[PDB]
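For reference, model_19.cif is printed below; it contains mmCIF, N, CA and C atoms and all ligand atoms.
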data_start
loop_
_atom_site.label_atom_id
_atom_site.label_comp_id
_atom_site.auth_asym_id
_atom_site.auth_seq_id
_atom_site.Cartn_x
_atom_site.Cartn_y
_atom_site.Cartn_z
N UNK A 1 126.06 101.31 109.36
CA UNK A 1 125.88 102.44 108.40
C UNK A 1 124.44 102.46 107.89
N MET A 2 123.66 101.48 108.35
CA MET A 2 122.27 101.30 107.92
C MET A 2 121.78 100.00 108.53
N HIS A 3 122.65 99.35 109.30
CA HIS A 3 122.35 97.97 109.67
C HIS A 3 122.01 97.77 111.14
N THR A 4 121.64 98.82 111.86
CA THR A 4 121.21 98.67 113.24
C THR A 4 119.89 97.92 113.27
N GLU A 5 119.88 96.77 113.94
CA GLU A 5 118.73 95.89 113.91
C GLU A 5 117.79 96.19 115.06
N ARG A 6 116.57 96.62 114.73
CA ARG A 6 115.56 96.98 115.72
C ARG A 6 114.36 96.06 115.75
N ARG A 7 114.30 95.15 114.78
CA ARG A 7 113.15 94.25 114.57
C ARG A 7 113.56 92.79 114.38
N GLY A 8 114.82 92.48 114.66
CA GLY A 8 115.34 91.13 114.43
C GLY A 8 115.97 90.95 113.07
N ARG A 9 116.39 89.71 112.80
CA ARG A 9 117.05 89.34 111.56
C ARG A 9 116.44 88.03 111.06
N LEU A 10 116.51 87.84 109.74
CA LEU A 10 115.90 86.71 109.05
C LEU A 10 116.91 86.07 108.12
N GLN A 11 116.95 84.75 108.12
CA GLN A 11 117.87 83.99 107.28
C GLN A 11 117.10 83.53 106.06
N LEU A 12 117.66 83.83 104.89
CA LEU A 12 117.04 83.56 103.59
C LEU A 12 118.07 83.06 102.59
N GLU A 13 117.59 82.25 101.65
CA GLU A 13 118.33 81.95 100.44
C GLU A 13 117.39 82.11 99.24
N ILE A 14 117.88 82.80 98.21
CA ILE A 14 117.12 82.98 96.97
C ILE A 14 118.03 82.71 95.78
N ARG A 15 117.56 81.85 94.88
CA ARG A 15 118.28 81.50 93.66
C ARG A 15 117.33 81.51 92.48
N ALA A 16 117.84 81.87 91.31
CA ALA A 16 117.12 81.73 90.06
C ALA A 16 117.84 80.69 89.20
N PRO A 17 117.37 79.42 89.22
CA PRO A 17 117.96 78.37 88.39
C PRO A 17 117.91 78.71 86.90
N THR A 18 116.77 79.23 86.46
CA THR A 18 116.66 79.88 85.15
C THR A 18 115.91 81.20 85.34
N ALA A 19 115.79 82.00 84.28
CA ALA A 19 115.05 83.27 84.36
C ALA A 19 113.56 83.08 84.70
N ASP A 20 113.03 81.89 84.44
CA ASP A 20 111.59 81.66 84.55
C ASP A 20 111.14 81.22 85.95
N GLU A 21 112.08 81.03 86.87
CA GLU A 21 111.69 80.74 88.25
C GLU A 21 112.74 81.17 89.26
N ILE A 22 112.26 81.59 90.44
CA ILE A 22 113.11 81.78 91.60
C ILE A 22 112.68 80.81 92.70
N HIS A 23 113.69 80.26 93.38
CA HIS A 23 113.49 79.38 94.55
C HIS A 23 113.90 80.14 95.78
N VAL A 24 112.96 80.26 96.72
CA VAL A 24 113.15 81.02 97.95
C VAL A 24 113.09 80.06 99.13
N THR A 25 114.16 79.99 99.92
CA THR A 25 114.15 79.22 101.17
C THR A 25 114.12 80.17 102.37
N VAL A 26 113.04 80.11 103.15
CA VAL A 26 112.93 80.88 104.39
C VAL A 26 113.44 80.00 105.53
N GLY A 27 114.54 80.43 106.14
CA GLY A 27 115.21 79.64 107.18
C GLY A 27 114.59 79.84 108.53
N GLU A 28 115.05 80.88 109.22
CA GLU A 28 114.66 81.15 110.59
C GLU A 28 114.83 82.64 110.86
N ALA A 29 114.27 83.11 111.96
CA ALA A 29 114.45 84.48 112.41
C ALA A 29 114.94 84.50 113.85
N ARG A 30 115.68 85.55 114.21
CA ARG A 30 116.13 85.72 115.58
C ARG A 30 115.72 87.10 116.05
N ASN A 31 115.42 87.21 117.34
CA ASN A 31 115.30 88.50 118.06
C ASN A 31 114.08 89.30 117.58
N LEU A 32 112.99 88.60 117.29
CA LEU A 32 111.80 89.28 116.82
C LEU A 32 111.16 90.05 117.97
N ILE A 33 110.34 91.02 117.61
CA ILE A 33 109.67 91.89 118.58
C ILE A 33 108.36 91.26 119.10
N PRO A 34 108.14 91.30 120.42
CA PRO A 34 106.88 90.80 120.97
C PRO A 34 105.70 91.65 120.56
N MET A 35 104.65 90.98 120.09
CA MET A 35 103.47 91.66 119.60
C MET A 35 102.18 91.07 120.18
N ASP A 36 102.31 90.36 121.31
CA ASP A 36 101.19 89.77 122.02
C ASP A 36 101.31 90.11 123.49
N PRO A 37 100.18 90.06 124.21
CA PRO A 37 100.22 90.34 125.65
C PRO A 37 101.15 89.42 126.46
N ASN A 38 101.40 88.20 125.98
CA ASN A 38 102.30 87.26 126.63
C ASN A 38 103.79 87.52 126.37
N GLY A 39 104.12 88.60 125.68
CA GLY A 39 105.50 88.96 125.44
C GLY A 39 106.13 88.11 124.36
N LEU A 40 105.31 87.39 123.61
CA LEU A 40 105.77 86.58 122.50
C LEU A 40 105.05 87.09 121.22
N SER A 41 105.16 86.31 120.15
CA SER A 41 104.49 86.52 118.89
C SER A 41 104.21 85.14 118.29
N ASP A 42 103.49 85.09 117.17
CA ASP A 42 103.22 83.82 116.46
C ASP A 42 103.62 83.97 114.98
N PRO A 43 104.93 83.95 114.71
CA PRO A 43 105.38 84.45 113.42
C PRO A 43 105.19 83.53 112.23
N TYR A 44 104.89 84.16 111.10
CA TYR A 44 104.98 83.49 109.82
C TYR A 44 105.51 84.51 108.82
N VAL A 45 105.97 84.01 107.68
CA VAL A 45 106.47 84.85 106.61
C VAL A 45 105.55 84.78 105.41
N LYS A 46 105.19 85.97 104.93
CA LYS A 46 104.42 86.17 103.72
C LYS A 46 105.36 86.56 102.58
N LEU A 47 105.29 85.82 101.48
CA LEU A 47 106.05 86.13 100.26
C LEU A 47 105.12 86.51 99.11
N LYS A 48 105.48 87.57 98.39
CA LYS A 48 104.76 87.95 97.19
C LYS A 48 105.60 88.80 96.26
N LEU A 49 105.19 88.86 95.00
CA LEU A 49 105.82 89.78 94.05
C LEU A 49 104.97 91.04 94.00
N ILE A 50 105.58 92.20 94.24
CA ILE A 50 104.85 93.47 94.25
C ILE A 50 105.25 94.32 93.03
N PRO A 51 104.33 95.14 92.49
CA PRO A 51 102.92 95.21 92.86
C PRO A 51 102.11 93.99 92.39
N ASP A 52 101.10 93.64 93.17
CA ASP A 52 100.24 92.50 92.90
C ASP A 52 98.83 93.09 92.89
N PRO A 53 98.43 93.70 91.75
CA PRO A 53 97.10 94.31 91.68
C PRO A 53 95.96 93.28 91.68
N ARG A 54 96.27 92.04 91.32
CA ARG A 54 95.28 90.95 91.27
C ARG A 54 95.36 90.00 92.48
N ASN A 55 96.32 90.25 93.38
CA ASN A 55 96.53 89.43 94.58
C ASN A 55 96.64 87.95 94.23
N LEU A 56 97.60 87.62 93.37
CA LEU A 56 97.73 86.27 92.83
C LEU A 56 99.03 85.54 93.18
N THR A 57 100.01 86.21 93.80
CA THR A 57 101.34 85.59 93.96
C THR A 57 101.68 85.20 95.40
N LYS A 58 100.81 85.55 96.34
CA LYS A 58 101.08 85.38 97.77
C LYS A 58 101.30 83.90 98.13
N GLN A 59 102.41 83.62 98.81
CA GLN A 59 102.64 82.34 99.48
C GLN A 59 103.09 82.62 100.90
N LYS A 60 102.99 81.62 101.77
CA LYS A 60 103.39 81.84 103.15
C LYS A 60 103.90 80.58 103.84
N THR A 61 104.71 80.80 104.87
CA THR A 61 105.18 79.73 105.72
C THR A 61 104.08 79.29 106.68
N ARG A 62 104.34 78.19 107.36
CA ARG A 62 103.57 77.83 108.53
C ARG A 62 103.77 78.93 109.56
N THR A 63 102.83 79.01 110.49
CA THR A 63 102.96 79.85 111.66
C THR A 63 103.65 79.05 112.76
N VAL A 64 104.65 79.64 113.41
CA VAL A 64 105.25 79.03 114.59
C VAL A 64 104.69 79.76 115.80
N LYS A 65 103.96 79.05 116.66
CA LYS A 65 103.29 79.68 117.78
C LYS A 65 104.24 79.97 118.93
N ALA A 66 104.05 81.11 119.58
CA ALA A 66 104.64 81.37 120.90
C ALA A 66 106.17 81.38 120.88
N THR A 67 106.73 82.23 120.03
CA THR A 67 108.18 82.35 119.91
C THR A 67 108.59 83.70 119.33
N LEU A 68 109.82 84.09 119.64
CA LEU A 68 110.45 85.27 119.04
C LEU A 68 111.63 84.83 118.18
N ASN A 69 111.81 83.52 118.06
CA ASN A 69 112.96 82.92 117.35
C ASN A 69 112.50 81.71 116.52
N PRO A 70 111.60 81.95 115.55
CA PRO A 70 111.01 80.85 114.79
C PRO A 70 111.99 80.20 113.81
N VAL A 71 111.85 78.89 113.62
CA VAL A 71 112.56 78.15 112.58
C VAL A 71 111.51 77.59 111.64
N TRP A 72 111.56 78.00 110.38
CA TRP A 72 110.59 77.52 109.39
C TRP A 72 111.19 76.47 108.47
N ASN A 73 112.35 76.77 107.89
CA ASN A 73 113.00 75.91 106.90
C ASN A 73 112.08 75.44 105.76
N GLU A 74 111.47 76.39 105.05
CA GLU A 74 110.50 76.09 104.00
C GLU A 74 110.96 76.70 102.69
N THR A 75 110.75 75.98 101.59
CA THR A 75 111.14 76.45 100.27
C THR A 75 109.90 76.71 99.40
N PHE A 76 109.99 77.75 98.57
CA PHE A 76 108.88 78.20 97.74
C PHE A 76 109.39 78.44 96.32
N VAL A 77 108.56 78.13 95.34
CA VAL A 77 108.87 78.43 93.95
C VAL A 77 107.95 79.55 93.45
N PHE A 78 108.55 80.56 92.82
CA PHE A 78 107.80 81.54 92.02
C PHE A 78 108.11 81.35 90.54
N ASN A 79 107.08 81.08 89.75
CA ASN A 79 107.21 81.00 88.31
C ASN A 79 107.06 82.39 87.72
N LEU A 80 108.04 82.80 86.93
CA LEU A 80 108.19 84.18 86.52
C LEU A 80 107.84 84.38 85.08
N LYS A 81 107.45 85.61 84.76
CA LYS A 81 107.09 86.02 83.41
C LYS A 81 107.83 87.32 83.12
N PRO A 82 107.99 87.67 81.84
CA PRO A 82 108.76 88.87 81.49
C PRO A 82 108.36 90.16 82.25
N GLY A 83 107.06 90.35 82.50
CA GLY A 83 106.58 91.48 83.32
C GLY A 83 107.19 91.60 84.71
N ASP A 84 107.70 90.49 85.24
CA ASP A 84 108.27 90.47 86.58
C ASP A 84 109.59 91.23 86.71
N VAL A 85 110.20 91.65 85.59
CA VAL A 85 111.40 92.51 85.67
C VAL A 85 111.10 93.85 86.34
N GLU A 86 109.84 94.27 86.28
CA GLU A 86 109.38 95.48 86.94
C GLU A 86 109.04 95.25 88.44
N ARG A 87 109.14 94.01 88.93
CA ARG A 87 108.62 93.68 90.26
C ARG A 87 109.71 93.37 91.28
N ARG A 88 109.28 93.27 92.53
CA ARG A 88 110.15 92.99 93.64
C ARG A 88 109.57 91.84 94.42
N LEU A 89 110.44 90.96 94.91
CA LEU A 89 110.01 89.93 95.84
C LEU A 89 109.92 90.52 97.24
N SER A 90 108.70 90.60 97.77
CA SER A 90 108.40 91.13 99.10
C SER A 90 108.43 90.00 100.11
N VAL A 91 109.15 90.22 101.22
CA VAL A 91 109.29 89.27 102.31
C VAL A 91 108.90 89.97 103.60
N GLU A 92 107.81 89.52 104.21
CA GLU A 92 107.27 90.14 105.43
C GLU A 92 107.03 89.10 106.53
N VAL A 93 107.51 89.41 107.74
CA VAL A 93 107.24 88.61 108.94
C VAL A 93 106.04 89.25 109.61
N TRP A 94 105.06 88.41 109.91
CA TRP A 94 103.81 88.80 110.54
C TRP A 94 103.56 87.95 111.79
N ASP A 95 102.88 88.55 112.75
CA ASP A 95 102.43 87.91 113.98
C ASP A 95 100.97 87.49 113.79
N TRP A 96 100.71 86.19 113.71
CA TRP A 96 99.35 85.69 113.65
C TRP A 96 98.61 85.99 114.96
N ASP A 97 97.38 86.49 114.85
CA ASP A 97 96.53 86.73 116.02
C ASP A 97 95.21 86.01 115.86
N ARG A 98 94.68 85.52 116.97
CA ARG A 98 93.45 84.74 116.96
C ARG A 98 92.23 85.65 117.04
N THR A 99 92.31 86.68 117.89
CA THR A 99 91.13 87.50 118.22
C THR A 99 91.20 88.91 117.62
N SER A 100 92.30 89.22 116.93
CA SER A 100 92.43 90.51 116.22
C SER A 100 93.11 90.30 114.89
N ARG A 101 93.23 91.36 114.10
CA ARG A 101 94.03 91.33 112.88
C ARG A 101 95.49 90.98 113.19
N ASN A 102 96.12 90.23 112.28
CA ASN A 102 97.55 89.92 112.41
C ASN A 102 98.40 91.19 112.42
N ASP A 103 99.50 91.15 113.16
CA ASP A 103 100.33 92.34 113.33
C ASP A 103 101.63 92.24 112.52
N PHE A 104 101.95 93.32 111.83
CA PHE A 104 103.18 93.39 111.06
C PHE A 104 104.41 93.40 111.99
N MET A 105 105.42 92.62 111.65
CA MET A 105 106.66 92.62 112.45
C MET A 105 107.85 93.22 111.71
N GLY A 106 108.11 92.77 110.49
CA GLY A 106 109.28 93.22 109.77
C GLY A 106 109.28 92.79 108.33
N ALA A 107 110.10 93.46 107.51
CA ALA A 107 110.04 93.26 106.07
C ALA A 107 111.33 93.59 105.33
N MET A 108 111.37 93.15 104.08
CA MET A 108 112.40 93.55 103.15
C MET A 108 111.93 93.14 101.77
N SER A 109 112.71 93.52 100.77
CA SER A 109 112.41 93.13 99.40
C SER A 109 113.67 93.04 98.56
N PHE A 110 113.54 92.31 97.46
CA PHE A 110 114.61 92.07 96.51
C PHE A 110 114.06 92.30 95.12
N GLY A 111 114.81 93.04 94.30
CA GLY A 111 114.44 93.27 92.92
C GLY A 111 114.53 91.98 92.17
N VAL A 112 113.50 91.65 91.40
CA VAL A 112 113.51 90.41 90.61
C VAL A 112 114.68 90.41 89.62
N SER A 113 114.88 91.52 88.91
CA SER A 113 115.97 91.61 87.94
C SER A 113 117.34 91.39 88.60
N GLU A 114 117.49 91.85 89.84
CA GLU A 114 118.73 91.66 90.61
C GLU A 114 118.90 90.19 91.02
N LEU A 115 117.81 89.56 91.44
CA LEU A 115 117.79 88.11 91.73
C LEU A 115 118.11 87.26 90.50
N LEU A 116 117.68 87.69 89.32
CA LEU A 116 118.03 86.97 88.09
C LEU A 116 119.53 87.07 87.75
N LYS A 117 120.23 88.05 88.33
CA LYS A 117 121.66 88.27 88.10
C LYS A 117 122.56 87.75 89.24
N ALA A 118 122.04 87.70 90.47
CA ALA A 118 122.85 87.26 91.61
C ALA A 118 122.01 86.68 92.75
N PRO A 119 122.39 85.49 93.26
CA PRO A 119 121.62 84.86 94.33
C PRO A 119 121.82 85.52 95.70
N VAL A 120 120.97 85.11 96.65
CA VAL A 120 120.98 85.58 98.03
C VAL A 120 121.20 84.35 98.92
N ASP A 121 122.02 84.50 99.96
CA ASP A 121 122.20 83.45 100.97
C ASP A 121 122.80 84.08 102.22
N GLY A 122 121.96 84.44 103.17
CA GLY A 122 122.48 85.01 104.41
C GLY A 122 121.41 85.59 105.30
N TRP A 123 121.87 86.28 106.34
CA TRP A 123 121.03 86.93 107.32
C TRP A 123 120.82 88.38 106.93
N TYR A 124 119.60 88.85 107.17
CA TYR A 124 119.13 90.15 106.73
C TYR A 124 118.43 90.88 107.84
N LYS A 125 118.67 92.19 107.89
CA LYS A 125 117.98 93.06 108.84
C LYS A 125 116.52 93.27 108.44
N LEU A 126 115.61 93.03 109.38
CA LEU A 126 114.18 93.29 109.17
C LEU A 126 113.89 94.79 109.28
N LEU A 127 113.15 95.32 108.31
CA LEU A 127 112.88 96.75 108.21
C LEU A 127 111.40 97.04 108.50
N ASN A 128 111.06 98.32 108.64
CA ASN A 128 109.65 98.69 108.75
C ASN A 128 108.90 98.35 107.44
N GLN A 129 107.58 98.37 107.49
CA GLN A 129 106.79 97.87 106.37
C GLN A 129 106.98 98.72 105.12
N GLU A 130 107.06 100.04 105.28
CA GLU A 130 107.26 100.93 104.13
C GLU A 130 108.63 100.76 103.47
N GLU A 131 109.71 100.88 104.26
CA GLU A 131 111.09 100.64 103.80
C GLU A 131 111.23 99.29 103.11
N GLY A 132 110.63 98.29 103.73
CA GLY A 132 110.69 96.91 103.28
C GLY A 132 110.27 96.69 101.85
N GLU A 133 109.34 97.50 101.35
CA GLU A 133 108.91 97.39 99.96
C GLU A 133 109.97 97.87 98.96
N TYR A 134 110.99 98.58 99.44
CA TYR A 134 111.98 99.21 98.57
C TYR A 134 113.40 98.67 98.73
N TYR A 135 113.73 98.10 99.88
CA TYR A 135 115.12 97.80 100.22
C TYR A 135 115.30 96.45 100.89
N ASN A 136 116.53 95.94 100.83
CA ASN A 136 117.02 94.93 101.77
C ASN A 136 118.37 95.37 102.31
N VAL A 137 118.68 94.89 103.52
CA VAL A 137 119.93 95.22 104.20
C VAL A 137 120.56 93.93 104.76
N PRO A 138 121.61 93.40 104.08
CA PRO A 138 122.35 92.30 104.69
C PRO A 138 122.92 92.72 106.05
N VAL A 139 122.87 91.84 107.05
CA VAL A 139 123.42 92.19 108.37
C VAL A 139 124.89 92.63 108.24
N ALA A 140 125.35 93.51 109.12
CA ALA A 140 126.73 93.98 109.06
C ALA A 140 127.69 92.85 109.50
N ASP A 141 128.93 92.84 109.01
CA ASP A 141 129.90 91.84 109.50
C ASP A 141 130.42 92.24 110.88
N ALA A 142 130.76 91.24 111.69
CA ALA A 142 131.31 91.48 113.03
C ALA A 142 132.67 92.20 112.98
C1 LIG B 201 127.22 100.88 109.77
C2 LIG B 201 127.51 99.57 110.48
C3 LIG B 201 128.82 99.13 110.70
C4 LIG B 201 129.96 99.57 109.80
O1 LIG B 201 129.55 99.71 108.45
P1 LIG B 201 130.44 100.59 107.42
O2 LIG B 201 129.84 100.55 106.04
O3 LIG B 201 131.81 99.96 107.43
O4 LIG B 201 130.48 102.03 107.88
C5 LIG B 201 129.02 98.08 111.60
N1 LIG B 201 127.97 97.49 112.28
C6 LIG B 201 126.67 97.92 112.09
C7 LIG B 201 125.57 97.23 112.87
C8 LIG B 201 126.44 98.96 111.17
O5 LIG B 201 125.18 99.33 110.77
CA CA B 202 99.53 90.34 118.30
CA CA B 203 99.91 86.57 118.10
CA CA B 204 96.52 92.30 116.29
CO CO B 205 124.44 100.18 109.43
#

Transcribe the structure of this file into structure tokens.
Amino acid sequence: XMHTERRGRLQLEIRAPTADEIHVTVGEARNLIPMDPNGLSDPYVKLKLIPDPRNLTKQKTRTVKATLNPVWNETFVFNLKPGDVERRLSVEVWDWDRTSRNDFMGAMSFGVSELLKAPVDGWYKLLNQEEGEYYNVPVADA
């Protein structure tokens, strides 16, 4: 109904132990799109709270070279402030490139206020970069 996957899927867990922090675990991705001449990609995940007019919240995973099915298993802490109720946690998969700019692969986002009320733990459909700033889509059940 909205869950046709065209860019792969990403496994995530997000919890807010208290209102002042969220813990984000980036698991793994499956079925990513090739964005290199070798038919592979070099994926990493960029995390930030948007809007970030001062570019101060960005964190990222390691890059996994030469794969369309990366496993990261990395956890990140965001320390939150009252202003963050207006913000969204942005999650973007990017293809690292050596000789050109990195290429966008897929994205999604979660409202901070929604994360403060309910945790995330599951697989998610990767969206285009524009959609990704506004929505997340849990994968459909079989
Ligand atoms: C839309 C969708 C379904 C069924 O979803 P409903 O909300 O029950 O209509 C099943 N699989 C995929 C991949 C879908 O996007
Ligand atoms: Ca590339
Ligand atoms: Ca690459
Ligand atoms: Ca490129
Ligand atoms: Co659907």

What do you get as a PyMOL selection string if you pick all residues at most 7 Å from ligand CO 205 (chain B), counting all atoms listed in the file?
chain A and resi 1-4+140

Selected residues written out, N, CA and C atoms, as a compact mmCIF listing (two decimals), in the coordinates of the input:
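Full text of out-v9.txt as output:
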# COMPACT_ATOMS: atom_id res chain seq x y z
N UNK A 1 126.06 101.31 109.36
CA UNK A 1 125.88 102.44 108.40
C UNK A 1 124.44 102.46 107.89
N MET A 2 123.66 101.48 108.35
CA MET A 2 122.27 101.30 107.92
C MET A 2 121.78 100.00 108.53
N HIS A 3 122.65 99.35 109.30
CA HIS A 3 122.35 97.97 109.67
C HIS A 3 122.01 97.77 111.14
N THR A 4 121.64 98.82 111.86
CA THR A 4 121.21 98.67 113.24
C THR A 4 119.89 97.92 113.27
N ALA A 140 125.35 93.51 109.12
CA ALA A 140 126.73 93.98 109.06
C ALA A 140 127.69 92.85 109.50

Provide the CA of residue 44 (chain A) to atom N of residue 26 (chain A) distance in Å, to one decimal place.
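Separation of CA of residue 44 (chain A) and atom N of residue 26 (chain A): 11.0 Å.
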
Calculated over only N, CA and C atoms, which of the candidates A:17, A:93, A:69, A:57 has the smallest distance to residue 45 (chain A)?
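Of all the options, A:93 lies closest to residue 45 (chain A).
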
Name the residues, by chain letter and number, that sit within 8 Å of ligand CA 204 (chain B) using only C-alpha atoms and all ligand atoms, and give them as a list in words.
residues 35, 36, 95, 96, 97, 99, 100, 101, 102 and 103 of chain A

If you run DSSP over the backbone, which residues in region 1-141 of chain A end up strand (DSSP E or B)? Put them as JSON, numbers by chain.
{"A": [9, 10, 11, 12, 13, 14, 15, 16, 17, 18, 21, 22, 23, 24, 25, 26, 27, 28, 29, 30, 43, 44, 45, 46, 47, 48, 49, 50, 59, 60, 71, 72, 73, 74, 75, 76, 77, 78, 79, 88, 89, 90, 91, 92, 93, 94, 95, 103, 104, 105, 106, 107, 108, 109, 110, 111, 120, 121, 122, 123, 124, 125, 127, 138]}

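Between ligand CA 203 (chain B) and the candidates A:94, A:78, A:124, A:135, the tightest atom-to-atom separation, counting only N, CA and C atoms and all ligand atoms, involves A:94.
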
Could you state the separation of atom C of residue 41 (chain A) and CA of residue 141 (chain A) in Å, given to one decimal place?
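It comes out at 28.0 Å.
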
Which region 80-127 of chain A residues have any atom within 10 Å of an atom of region 46-55 of chain A, and for each, what is the nearest pair of atoms with distance in Å to one decimal, counting only C-alpha atoms, rows sorted by chain and number, as JSON lines?
{"residue": "A:80", "atom": "CA", "partner": "A:49", "partner_atom": "CA", "distance": 9.7}
{"residue": "A:84", "atom": "CA", "partner": "A:49", "partner_atom": "CA", "distance": 7.9}
{"residue": "A:86", "atom": "CA", "partner": "A:51", "partner_atom": "CA", "distance": 8.8}
{"residue": "A:87", "atom": "CA", "partner": "A:50", "partner_atom": "CA", "distance": 5.5}
{"residue": "A:88", "atom": "CA", "partner": "A:50", "partner_atom": "CA", "distance": 5.4}
{"residue": "A:89", "atom": "CA", "partner": "A:49", "partner_atom": "CA", "distance": 4.6}
{"residue": "A:90", "atom": "CA", "partner": "A:48", "partner_atom": "CA", "distance": 5.2}
{"residue": "A:91", "atom": "CA", "partner": "A:47", "partner_atom": "CA", "distance": 5.0}
{"residue": "A:92", "atom": "CA", "partner": "A:46", "partner_atom": "CA", "distance": 5.2}
{"residue": "A:93", "atom": "CA", "partner": "A:46", "partner_atom": "CA", "distance": 6.4}
{"residue": "A:94", "atom": "CA", "partner": "A:46", "partner_atom": "CA", "distance": 7.3}
{"residue": "A:107", "atom": "CA", "partner": "A:46", "partner_atom": "CA", "distance": 9.3}
{"residue": "A:109", "atom": "CA", "partner": "A:49", "partner_atom": "CA", "distance": 9.1}
{"residue": "A:110", "atom": "CA", "partner": "A:49", "partner_atom": "CA", "distance": 9.4}
{"residue": "A:111", "atom": "CA", "partner": "A:49", "partner_atom": "CA", "distance": 9.4}
{"residue": "A:112", "atom": "CA", "partner": "A:49", "partner_atom": "CA", "distance": 8.4}

Box time for ligand LIG 201 (chain B): axis-aligned, enclosing all its listed atoms, 6 Å extra on each side; report centre and edge lengths in Å to one decimal, as lines of an AutoDock Vina configuration file.
center_x = 128.5
center_y = 99.6
center_z = 109.5
size_x = 18.6
size_y = 16.8
size_z = 18.8

Quick one, how far is atom N of residue 16 (chain A) from CA of residue 122 (chain A)?
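Going from atom N of residue 16 (chain A) over to CA of residue 122 (chain A), I get 14.2 Å.
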
Restricting to all atoms listed in the file, whichever of A:37, A:8, A:83, A:27 is closest to ligand CA 202 (chain B) is A:37

Find, counting all atoms listed in the file, the residue in A:125, A:98, A:7, A:81 that gets nearest to ligand CA 202 (chain B).
A:98

Please report, as a ChimeraX atom specification, each residue of chain A to which DSSP assigns helix (DSSP H, G or I) when run on this structure's backbone.
/A:82-86,112-117,129-132

Could you write out that same residue set with N, CA and C atoms as a JSON list (two decimals), keeping the file's coordinate frame?
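What follows is the written file part_8.json:
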[["chain", "number", "residue", "atom", "x", "y", "z"],
["A", 82, "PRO", "N", 107.99, 87.67, 81.84],
["A", 82, "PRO", "CA", 108.76, 88.87, 81.49],
["A", 82, "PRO", "C", 108.36, 90.16, 82.25],
["A", 83, "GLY", "N", 107.06, 90.35, 82.50],
["A", 83, "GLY", "CA", 106.58, 91.48, 83.32],
["A", 83, "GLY", "C", 107.19, 91.60, 84.71],
["A", 84, "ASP", "N", 107.70, 90.49, 85.24],
["A", 84, "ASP", "CA", 108.27, 90.47, 86.58],
["A", 84, "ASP", "C", 109.59, 91.23, 86.71],
["A", 85, "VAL", "N", 110.20, 91.65, 85.59],
["A", 85, "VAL", "CA", 111.40, 92.51, 85.67],
["A", 85, "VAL", "C", 111.10, 93.85, 86.34],
["A", 86, "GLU", "N", 109.84, 94.27, 86.28],
["A", 86, "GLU", "CA", 109.38, 95.48, 86.94],
["A", 86, "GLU", "C", 109.04, 95.25, 88.44],
["A", 112, "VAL", "N", 113.50, 91.65, 91.40],
["A", 112, "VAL", "CA", 113.51, 90.41, 90.61],
["A", 112, "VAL", "C", 114.68, 90.41, 89.62],
["A", 113, "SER", "N", 114.88, 91.52, 88.91],
["A", 113, "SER", "CA", 115.97, 91.61, 87.94],
["A", 113, "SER", "C", 117.34, 91.39, 88.60],
["A", 114, "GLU", "N", 117.49, 91.85, 89.84],
["A", 114, "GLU", "CA", 118.73, 91.66, 90.61],
["A", 114, "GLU", "C", 118.90, 90.19, 91.02],
["A", 115, "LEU", "N", 117.81, 89.56, 91.44],
["A", 115, "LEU", "CA", 117.79, 88.11, 91.73],
["A", 115, "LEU", "C", 118.11, 87.26, 90.50],
["A", 116, "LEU", "N", 117.68, 87.69, 89.32],
["A", 116, "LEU", "CA", 118.03, 86.97, 88.09],
["A", 116, "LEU", "C", 119.53, 87.07, 87.75],
["A", 117, "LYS", "N", 120.23, 88.05, 88.33],
["A", 117, "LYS", "CA", 121.66, 88.27, 88.10],
["A", 117, "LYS", "C", 122.56, 87.75, 89.24],
["A", 129, "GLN", "N", 107.58, 98.37, 107.49],
["A", 129, "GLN", "CA", 106.79, 97.87, 106.37],
["A", 129, "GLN", "C", 106.98, 98.72, 105.12],
["A", 130, "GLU", "N", 107.06, 100.04, 105.28],
["A", 130, "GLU", "CA", 107.26, 100.93, 104.13],
["A", 130, "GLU", "C", 108.63, 100.76, 103.47],
["A", 131, "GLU", "N", 109.71, 100.88, 104.26],
["A", 131, "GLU", "CA", 111.09, 100.64, 103.80],
["A", 131, "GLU", "C", 111.23, 99.29, 103.11],
["A", 132, "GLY", "N", 110.63, 98.29, 103.73],
["A", 132, "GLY", "CA", 110.69, 96.91, 103.28],
["A", 132, "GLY", "C", 110.27, 96.69, 101.85]]

Using only C-alpha atoms and all ligand atoms, find the one residue out of A:85, A:108, A:40, A:116 that sits nearest to ligand CA 202 (chain B).
A:40

All residues 9 Å or closer to residue 66 (chain A), only C-alpha atoms, same chain fewer than 4 positions away omitted, as number ranges by chain
A: 38-43, 70

Nearest-residue call for residue 139 (chain A), choices A:123, A:79, A:72, A:65, using all atoms listed in the file
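Answer, going by the shortest atom-to-atom distance: A:123.
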
List as a ChimeraX atom specification the protein and nucleic acid residues near residue 77 (chain A), meaning an atom at most 6 Å away when all atoms listed in the file are counted, but skip any in the same chain fewer than 5 places from it.
/A:22-24
